[PDB]
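Colleague: Structure incoming, see below.
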Amino acid sequence: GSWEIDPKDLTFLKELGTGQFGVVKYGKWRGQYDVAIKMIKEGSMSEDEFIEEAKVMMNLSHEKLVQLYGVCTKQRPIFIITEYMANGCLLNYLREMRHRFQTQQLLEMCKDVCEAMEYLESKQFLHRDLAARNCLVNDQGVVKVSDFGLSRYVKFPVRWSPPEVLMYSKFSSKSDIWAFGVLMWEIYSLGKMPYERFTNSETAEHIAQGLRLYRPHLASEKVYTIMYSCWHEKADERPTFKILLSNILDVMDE
Amino acid sequence: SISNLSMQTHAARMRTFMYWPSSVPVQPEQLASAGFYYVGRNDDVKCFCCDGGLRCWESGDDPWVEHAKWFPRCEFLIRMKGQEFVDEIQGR
Ligand SMILES: [Zn+2]
């Protein structure tokens, strides 16, 4: 326990929509602090798995991470109180062209994801599923990472999976690197589907044959080399988020 | 009810625009009459009644037309400009 929150202090305001695991509702805890309430649908996730999921997400905090404020276990459904991100899902934020994003702004989003991923890298934490779908954006435009570790609980992200995860199902720190590369493409292609013309079965086969995502019209040669370095056939030659952020900040001042 | 106690009066709302940017093409007198006060960050203004935040102020803007388009449920807005106005702005 010790992270349990009394829902008597919570005040619901707007239903943000239904997603994975449950419904997300915007509220105000103690009448002044903005909170996001994830209502875990009865029997959607494993009860025993909800023990490890919460515990690992609690003792983890970063500037660019969606902070978990706690749980509400003493009632059904079980609530997950977290940091409220106004703009919601990054994928929808990118897909809305009513923002008119600049190349410098899209590169700043990549910096935000990389900064958070470097923290999970040091903590030996694997996201096991990194994409725009599992990334949130606040009112200020800052992109943060969420739904981490949740892949091992409760179709498969084939398009974000490296060759070793496809052919042999071997998860490493370099598996998230490949996923970050496909996410870097998602940002520069503005919420476009990776390998759109190919089905999930064709995607797995073509990745093994050496097919890599094309350079989007927005990304320059330098930025495309950053996302391409993530897509090395041999995982040993893929960089780290420390090396990736270094290249991101170097190109930022170029 | 009211969101911010300190900014109930126009004279109090105007005091926040002390370090408001002289770059923005929106006059503070217009914002303060529309229940807005400067937050302190670039062009961020909140409402004292509905806590309605508004930024990225462009030229040819009306703080009342922006108050109705984004926050029609604002009790101060319906009190000042009237429901007939609020419904007309939200009607488009
Ligand atoms: Zn208002």
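We name chains A, B, ... following the order of the structure tokens; residues begin at 1 in each chain, and ligands are numbered from 1 as shown.
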Quick one: residues within 12 Å of residue 51 of chain B, only C-alpha atoms, excluding same-chain residues fewer than 3 positions away - as a short mmCIF file (atom, residue, chain, number, x, y, z; two decimals) with N, CA, C and O atoms, in the first residue's frame?

Modeller:
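Result went into around16.cif, see below:
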data_model
loop_
_atom_site.label_atom_id
_atom_site.label_comp_id
_atom_site.auth_asym_id
_atom_site.auth_seq_id
_atom_site.Cartn_x
_atom_site.Cartn_y
_atom_site.Cartn_z
N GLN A 32 -7.93 21.55 -6.58
CA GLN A 32 -7.00 22.49 -7.23
C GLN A 32 -6.00 21.82 -8.17
O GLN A 32 -5.63 22.44 -9.18
N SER B 1 -19.99 30.26 -9.16
CA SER B 1 -18.86 30.51 -8.26
C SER B 1 -17.67 31.16 -8.98
O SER B 1 -17.70 31.32 -10.21
N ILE B 2 -16.62 31.54 -8.22
CA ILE B 2 -15.41 32.18 -8.72
C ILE B 2 -14.19 31.25 -8.59
O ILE B 2 -14.10 30.49 -7.62
N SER B 3 -13.28 31.29 -9.58
CA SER B 3 -12.06 30.48 -9.62
C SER B 3 -10.88 31.16 -8.92
O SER B 3 -10.24 30.52 -8.08
N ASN B 4 -10.59 32.43 -9.26
CA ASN B 4 -9.50 33.22 -8.66
C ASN B 4 -10.07 34.40 -7.85
O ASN B 4 -10.64 35.32 -8.43
N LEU B 5 -9.87 34.36 -6.52
CA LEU B 5 -10.34 35.38 -5.57
C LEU B 5 -9.68 36.74 -5.75
O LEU B 5 -10.34 37.77 -5.59
N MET B 7 -8.48 38.22 -8.43
CA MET B 7 -8.75 38.95 -9.67
C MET B 7 -10.25 39.20 -9.94
O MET B 7 -10.67 39.23 -11.10
N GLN B 8 -11.04 39.47 -8.88
CA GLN B 8 -12.47 39.76 -9.02
C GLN B 8 -12.77 41.11 -9.69
O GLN B 8 -13.77 41.22 -10.39
N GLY B 35 -12.58 39.72 -18.14
CA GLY B 35 -12.31 38.86 -17.00
C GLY B 35 -10.98 38.12 -17.01
O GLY B 35 -10.79 37.19 -16.22
N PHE B 36 -10.04 38.54 -17.88
CA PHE B 36 -8.73 37.90 -17.99
C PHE B 36 -7.62 38.65 -17.25
O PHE B 36 -7.68 39.87 -17.11
N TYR B 37 -6.61 37.90 -16.78
CA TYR B 37 -5.43 38.41 -16.09
C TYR B 37 -4.18 37.66 -16.56
O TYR B 37 -4.27 36.46 -16.84
N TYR B 38 -3.03 38.35 -16.65
CA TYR B 38 -1.78 37.76 -17.10
C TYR B 38 -1.20 36.77 -16.08
O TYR B 38 -1.01 37.12 -14.91
N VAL B 39 -0.93 35.54 -16.54
CA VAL B 39 -0.38 34.45 -15.74
C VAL B 39 1.10 34.69 -15.41
O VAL B 39 1.52 34.42 -14.28
N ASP B 44 0.01 33.95 -21.81
CA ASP B 44 -0.97 33.13 -21.10
C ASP B 44 -1.86 33.97 -20.21
O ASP B 44 -1.37 34.66 -19.32
N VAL B 45 -3.18 33.94 -20.46
CA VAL B 45 -4.17 34.66 -19.64
C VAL B 45 -5.27 33.71 -19.17
O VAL B 45 -5.80 32.94 -19.97
N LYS B 46 -5.59 33.77 -17.87
CA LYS B 46 -6.62 32.94 -17.27
C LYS B 46 -7.82 33.78 -16.87
O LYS B 46 -7.69 35.00 -16.70
N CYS B 47 -9.00 33.15 -16.72
CA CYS B 47 -10.20 33.87 -16.29
C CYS B 47 -10.35 33.74 -14.78
O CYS B 47 -9.97 32.72 -14.21
N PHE B 48 -10.90 34.77 -14.14
CA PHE B 48 -11.09 34.77 -12.69
C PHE B 48 -12.33 33.98 -12.27
O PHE B 48 -12.39 33.50 -11.13
N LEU B 54 -6.20 31.06 -22.02
CA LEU B 54 -6.10 31.44 -23.43
C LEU B 54 -4.73 32.01 -23.74
O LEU B 54 -4.23 32.87 -23.02
N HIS B 67 -13.81 34.36 -25.46
CA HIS B 67 -14.38 33.90 -24.19
C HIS B 67 -15.63 33.05 -24.43
O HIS B 67 -15.85 32.08 -23.71
N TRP B 70 -14.70 29.53 -26.74
CA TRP B 70 -14.00 28.50 -25.99
C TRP B 70 -14.64 28.13 -24.65
O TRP B 70 -14.52 26.98 -24.24
N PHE B 71 -15.27 29.10 -23.95
CA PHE B 71 -15.90 28.87 -22.65
C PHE B 71 -17.32 29.49 -22.56
O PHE B 71 -17.50 30.49 -21.87
N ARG B 73 -20.01 28.40 -21.02
CA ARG B 73 -20.61 28.15 -19.71
C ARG B 73 -20.14 29.14 -18.63
O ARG B 73 -20.61 29.06 -17.49
N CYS B 74 -19.23 30.09 -18.99
CA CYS B 74 -18.67 31.10 -18.08
C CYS B 74 -19.76 32.05 -17.55
O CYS B 74 -20.32 32.84 -18.31
N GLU B 75 -20.05 31.94 -16.23
CA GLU B 75 -21.08 32.71 -15.52
C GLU B 75 -20.90 34.24 -15.63
O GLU B 75 -21.90 34.95 -15.75
N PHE B 76 -19.64 34.72 -15.62
CA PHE B 76 -19.30 36.14 -15.78
C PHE B 76 -19.59 36.60 -17.21
O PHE B 76 -20.15 37.68 -17.40
#

Colleague: Would you list, as a PyMOL selection string, the residues of chain B that end up in strand (DSSP E) under DSSP run on this structure's backbone?

Modeller: chain B and resi 36-38+45-47

Colleague: Please provide as a list in words all residues within 8 Å of segment 22-27 of chain B, with the sequence filter that same-chain residues fewer than 5 positions apart are discarded (counting only C-alpha atoms).

Modeller: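 So, after excluding close chain neighbours, the residues are residues 43, 57, 58, 59, 60 and 61 of chain B.
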
Colleague: Taking 5 positions as the minimum chain separation for residues in the same chain, which residues sit within 9 Å of residue 207 of chain A when counting only C-alpha atoms? Answer as a compact mmCIF listing (two decimals) with N, CA and C atoms, in the first residue's frame.

Modeller:
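Writing the result to part_21.txt gives the following:
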# COMPACT_ATOMS: atom_id res chain seq x y z
N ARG A 159 4.90 -3.59 -36.52
CA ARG A 159 5.51 -2.45 -37.22
C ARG A 159 6.58 -1.70 -36.39
N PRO A 162 11.61 -5.07 -33.73
CA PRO A 162 12.84 -5.37 -34.49
C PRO A 162 12.89 -6.83 -35.00
N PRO A 163 13.87 -7.24 -35.86
CA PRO A 163 13.86 -8.62 -36.38
C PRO A 163 13.98 -9.74 -35.35
N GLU A 202 2.92 -9.38 -43.79
CA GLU A 202 3.85 -8.93 -44.83
C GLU A 202 4.96 -8.07 -44.21
N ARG A 212 13.41 -0.94 -44.88
CA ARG A 212 13.39 0.07 -43.83
C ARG A 212 12.49 1.23 -44.25

Colleague: What is the distance between atom CA of residue 4 of chain A and atom CA of residue 39 of chain A, in Å to one decimal?

Modeller: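 Atom CA of residue 4 of chain A sits 14.6 Å away from atom CA of residue 39 of chain A.
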
Colleague: For the atom pair atom CA of residue 204 of chain A and atom CA of residue 240 of chain A, what is the interatomic distance in Å to one decimal place?

Modeller: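 Those two atoms sit 23.8 Å apart.
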
Colleague: Could you give me, as JSON, numbers by chain, each residue of segment 11-70 of chain A that DSSP assigns to helix (DSSP H, G or I) when run on this structure's backbone?

Modeller: {"A": [49, 50, 51, 52, 53, 54, 55, 56, 57, 58]}

Colleague: My list of candidates is B:56, B:18, B:11, B:65. Which is closest to ligand 1 when distances are computed with only C-alpha atoms and all ligand atoms?

Modeller: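 Result for the nearest residue to ligand 1: B:65.
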
Colleague: For atom CA of residue 36 of chain A and atom CA of residue 151 of chain A, determine how far apart the two atoms are, in Å to one decimal place.

Modeller: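 Between these atoms lies a distance of 20.6 Å.
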